[PDB]
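# This is the structure alone, sequence omitted:
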């Protein structure tokens, strides 16, 4: 599960 | 737990505007994927969820200039 702690693009 | 308060909401809104992003287009979709519930409005987050989103927006706003 991707998380807000991951280097998610936005 | 309990719903997002107005001070936290206003901090998120400030950063969305600085990032040229929106609830409808950007953050509500992402929150739905991350928290795996179906979130259709900014007031429908919990405070705990909002604090996580705010930390993520701060990282984004600190990282680089908006193009």
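Cool, got the structure. Residues are numbered from 1 along each chain as shown, chains lettered A, B, ... in the order given.
# Residues of chain A that sit close to chain B?
A:1-4, A:8, A:10 (CB under 8 Å from any CB of the partner chain). Yep, even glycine has a C-beta here, placed from its N, CA and C like the rest.
# which bits of chain B sit near chain A?
So far as CB under 8 Å from any CB goes, chain B lies against chain A at B:19, B:21, B:26, B:30, B:33-34, B:36, B:52-53, B:55-56, B:60.
# Most neighbours of all the residues of chain A next to chain B, which one?
residue A:4 (18 neighbours; other CB atoms under 10 Å in any protein chain shown).
# ok, back up a step: and the residues of chain B next to chain A, which are buried?
Neighbour-count burial (16 or more other CB atoms under 10 Å in any protein chain shown) applied to the residues of chain B next to chain A gives B:21, B:30, B:34, B:52-53, B:56, B:60.
# Let me see the contact set for the nearest residue to residue B:42 once chain neighbours are set aside.
The spatial neighbour of residue B:42 that comes closest, neighbours along the chain excluded (CB to CB, 6 or more residues apart in numbering or on different chains), is residue B:23 at 4.9 Å. Counting by CB atoms under 8 Å, 6 or more residues apart in numbering or on different chains, residue B:23 touches B:16, B:41-42.
# Quick one, which of those residues are buried?
Here, 16+ other CB under 10 Å leaves B:16, B:42 buried among the contacts of residue B:23.
# Tell me the one among the contacts of residue B:23 nearest to chain A.
Using CB to the nearest CB, residue B:16 comes nearest to chain A of those, at 10.2 Å.
# Assumed residue A:7 was part of a strand.
No. Counting by DSSP: H, G, I helix; E, B strand; the rest coil, residue A:7 is not found in a strand; it is coil.
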